[PDB]
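Engineer: Please find one structure pasted underneath; my questions will follow.
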Ligand SMILES: *CC(=O)NCCCC1CCN(C(=O)C(C)(C)Oc2ccc(Cl)cc2)CC1
Ligand SMILES: *CC(=O)NCCCC1CCN(C(=O)C(C)(C)Oc2ccc(Cl)cc2)CC1
Ligand SMILES: [Mg+2]
Ligand SMILES: [Mg+2]
Ligand SMILES: [Mg+2]
Ligand SMILES: [Mg+2]
Ligand SMILES: [Mg+2]
Ligand SMILES: [Mg+2]
């Protein structure tokens, strides 16, 4: 890889610079290089990895949605034939998105997950696996769509099982996992009741544990709890 | 080039899609492909070309400024030595920015400018030449900095001379040229009085010609006049 | 779109 | 930064 010659610490330093400069493609490439050094990641380094790829794929998803909407409108009755260009360009963006997802999944499989023994790290990586399979599922239309959806579900479920056994109900990683798995249920698995149930139970169990927290931990937990509430409001 | 196999009309279509998706790197690559077909550009196509590259280089300039500020702070007294990484990454962004500028200048030189005979097209392309030399000048620190600054000045001046002879004082291309040349004076050439004089005279001569315009032309001209006023306010 | 982190 | 177009 192109980052093979750069020191691990320098890659991390530059990922932080790239973040400050809002250069998320660079940030992701630096963090990929750092992962490929083969050492486990710290908490901060996991955050850098996730922020980088979330921002890159987030942009791709937004672009894909714009293009897919234009494509859908083109295939309505009364729409003038404009040739293959809309489909082609949607496919181009789609293929790039799939590439980034495959890259992230590859880092998780080689070898982040298998070396992650602490609950926080294992849950975080399994959540990421669920997330990137979910992004693949958003654009899937073929023979494998069901298996892609099930790959997302399986990763999220393993993360949920560990999180419930090993982490308090206010832990931000546990909360974020539940938020995202709930969205998976609503948007991907066609299970809006399960989505709502998950978000509500997660919110309520966190509420009951806030009394145990410092001011700073309270801030962190309540921020994600508000996201759960926001989704519940959208869905009910 | 990678766009050599795509129809000119399809490249233009896809540039418009890329704009809608806020995919400005793609938009620029499509427009580069379209220019390289060798035919002159229409007014709309000139706009697409300029929008694409303005957005790509704009992002690079913003990133470069973030990194240069961090680098400058690192070289103050009391700042802890952090190694070569800040300089390296600023250089990386800088080299990419210079590459995009060189690409645009290359399209102008081969062969957009030489084929542009109408005042609007020739002024537009010469303005672009001034702009991309100005971006090169922003990051220049070496033997060639003076020649880069003079290249920008020369292009802007040729555009100004044509614009004054051939276009009304409210023409948006004439106005935009003057706005940018004024910024060149203030930020690049260390000539703030010339910047102010240019912006003021341009504003005043446009004001006097608004009476000739339709409602729609008035809207277009007054928008750029407000930018001149905004700069004057910043500078006085 | 719903919130995710 | 000043306005340019
Ligand atoms: C110790 C460890 O493994 N830490 C990994 C990073 C956990 C951070 C991520 C950022 N946090 C957040 O609350 C926000 C909302 C900013 O983003 C999240 C991203 C991912 C998850 Cl799983 C939760 C939250 C704090 C915890
Ligand atoms: C006929 C022709 O050659 N047209 C080229 C495009 C001229 C457009 C550009 C967009 N316009 C603007 O007023 C704004 C402010 C959006 O941007 C500009 C960009 C570049 C210039 Cl030179 C002026 C304005 C209208 C004129
Ligand atoms: Mg080493
Ligand atoms: Mg496809
Ligand atoms: Mg349950
Ligand atoms: Mg042809
Ligand atoms: Mg350099
Ligand atoms: Mg004068």
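Note that the numbers count up from 1, one per residue, in the order the chain is shown.
Cβ atoms are placed via backbone N, Cα and C, with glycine included.
Relevant sequence annotations retrieved from the PDB entry are reproduced here:
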type   : residues : note
SEQADV : B:1-5    : expression tag
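Pasting the relevant annotations from Swiss-Prot:
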type    : residues : note
MOD_RES : B:10     : phosphoserine
MOD_RES : B:79     : phosphoserine
SITE    : B:61     : site 'Interaction with phosphoserine on interacting protein'
SITE    : B:134    : site 'Interaction with phosphoserine on interacting protein'
Engineer: For the recorded positions B:10, B:61, B:134, which ones lie near chain A, with a CB less than 8 A from one of its CB atoms?
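Structural biologist: Near chain A, the qualifying recorded positions are B:10.
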Engineer: Between residue B:134 (site 'Interaction with phosphoserine on interacting protein') and residue B:61 (site 'Interaction with phosphoserine on interacting protein'), find the distance joining the two CA atoms and give it rounded to the nearest Å.
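Structural biologist: Cα to Cα, residue B:134 (site 'Interaction with phosphoserine on interacting protein') and residue B:61 (site 'Interaction with phosphoserine on interacting protein') are separated by 11 Å.
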Engineer: Pick out which of the modified residues B:10, B:79 has the most other Cβ atoms within 10 Å of its own Cβ.
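Structural biologist: By the 10 Å Cβ neighbour count, B:10 comes out on top.
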Engineer: In whole Å, how far does the CA atom of residue B:61 (site 'Interaction with phosphoserine on interacting protein') lie from that of residue B:79 (phosphoserine)?
Structural biologist: 25
Engineer: Please give me the CB contact count at 10 A for residue B:134 (site 'Interaction with phosphoserine on interacting protein'), counting all chains in the structure.
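Structural biologist: Result for residue B:134 (site 'Interaction with phosphoserine on interacting protein'): 25 neighbouring Cβ atoms inside 10 Å.
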Engineer: Reduced to three states, what secondary structure does DSSP give residue B:79 (phosphoserine)?
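Structural biologist: For residue B:79 (phosphoserine) - judged by DSSP and reduced to three states - the answer is coil.
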Engineer: By DSSP assignment, list the helix, strand and coil residue numbers for the expression tag (B:1-5), in that order.
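Structural biologist: Taking each residue of the expression tag (B:1-5) in turn, the totals are 0 helix, 0 strand, 5 coil.
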Engineer: Do you know offhand how many angstrom separate residue B:79 (phosphoserine) and residue B:10 (phosphoserine) by C-alpha?
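Structural biologist: That separation, Cα to Cα, works out to 53 Å.
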